[PDB]
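# Understanding the architecture of this molecule
The chain contents come next:
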Amino acid sequence: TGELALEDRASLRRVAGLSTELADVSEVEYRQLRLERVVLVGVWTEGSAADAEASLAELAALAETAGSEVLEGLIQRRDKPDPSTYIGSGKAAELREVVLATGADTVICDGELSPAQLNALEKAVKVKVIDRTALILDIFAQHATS
RNA sequence: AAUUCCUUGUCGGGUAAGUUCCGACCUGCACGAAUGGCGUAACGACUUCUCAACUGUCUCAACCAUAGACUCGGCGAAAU
């Protein structure tokens, strides 16, 4: 009753991190510039906020090296990520309008999700959901020569 | 709660290699139903599995008798 997610302020968290990056001019190449703007999301259960920020920084570096460009650092906490959605219940509708201030329909989740989670969180925001392992595989696919 | 989708390998028993299975651990909207879900002795030419004994089922076949097949006489078809 009045809890929605049945938790503390971990229920709803628009942390926004530290604004991982906010891209600008001097990288405008062709109509197809680096417009793959990505919003990161994660969950912080076992550890400290400093190491969670470090993990988000690592994910941001990975997404930046793999083309694309990060512009958000949300951290929403839940002891056990909803094995139905990765970030939460009301966050499903919340992200839909959160991504409207940004406008690139790409969300990257810091962790290995399962197909139910992928499709649920996708349909909840109408954007493309990308795993950390998927991003690493993309980096290898791009750098592989032999 | 007496809830098994619980192949979320969540380990062992069973054998040389193991299926049906039995047990603690992972299993939160999941849950199914408010009168439909759980237990149940006895019973069943119902479905699945493990043993003791037994065997030509098999490794791998061999011999004997009878009814046809085959030879002689008689009557004498059929689908196409």
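Residues numbered from 1 in each chain as written, not as in the entry; some residues may be left out. Chains lettered and ligands numbered in written order. Part of a larger assembly, values for the part shown. Heavy atoms only, no water. Residues with missing side-chain atoms left out of burial classes, pairs and counts.

Per the PDB entry, chain A carries the name GTPase HflX and comes from Mycolicibacterium smegmatis MC2 155. This entry appears in the Protein Data Bank under the title "Structure of Mycobacterium smegmatis 50S ribosomal subunit bound to HflX and chloramphenicol:50S-HflX-B-Clm".

## Observations concerning the nonpolar core
Membership of the largest hydrophobic core comes to 16 residues, with the highest contact counts inside it found for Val41, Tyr86, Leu95, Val107, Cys109, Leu121 and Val125. Counting only elements with at least two residues in this core, the list comes to strand 1 (37-41), helix 2 (91-98), strand 3 (106-109) and helix 3 (115-125). Counting residues in hydrophobic clusters, the runner-up holds 13 residues, among them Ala60, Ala66, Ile75 and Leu135. (Core = buried A, V, L, I, M, F, W, Y, C linked by side-chain atoms within 4.5 Å. Buried < 20%, exposed > 50% of the residue type's maximum accessible area, 1.4 Å probe, protein only. Helix = DSSP H or I, 4+ residues; strand = E, 2+ residues; numbered from the N terminus.)

## Here we look at the pattern of salt bridges
Scanning the model with the defined rule gives 5 salt bridges in all. Measuring nitrogen to oxygen at the nearest pair gives 3.2 Å for the salt bridge that ties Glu58 to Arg132. Here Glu58 is found in helix 1 (residues 49-65), whereas its partner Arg132 is found in helix 4 (residues 132-143), with 74 residues between them in sequence. Judged by relative accessible area, which is 43%, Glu58 ranks as partly exposed. One salt-bridge network, in which partners are shared between bridges, spans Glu7, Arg78 and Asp82. (Salt bridge = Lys/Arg side-chain N within 4 Å of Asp/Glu carboxyl O.)

## Regarding unusual backbone geometry
When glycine is set aside, most residues are seen to have a negative phi, and most peptide bonds are trans. The phi torsion at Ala16 lies on the positive side, around 65°, for a residue other than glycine. Assignment of secondary structure puts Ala16 in the segment before strand 1. Given a relative accessible area of 33%, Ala16 falls into the partly exposed group. Of note, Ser19 is a non-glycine position whose phi angle comes to about 60°, a positive value. Relative to the helices and strands, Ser19 resides in the segment before strand 1. Residue classification places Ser19 among the partly exposed residues on the basis of a relative accessible area of 38%.

## So, the pairing of strand 1
Counted residue by residue, strand 1 has 4 buried out of 5 residues, so it is predominantly covered. As paired strands, strand 1 and strand 2 (residues 69-73) are joined by 3 bridges and run parallel to one another. Residue pairing for strand 2: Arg37 is matched across the bridge by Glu69. In this fold, the crossover linking strand 1 to strand 2 by way of helix 1 has right-handed handedness. Bridge analysis of strand 1 against strand 3 gives 3 bridges, and the strand direction is parallel. Bridging across to strand 3, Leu40 finds its partner in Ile108. (Pairing = 2+ DSSP bridges. Right-handed = clockwise from strand over helix to strand, strands pointing away.)

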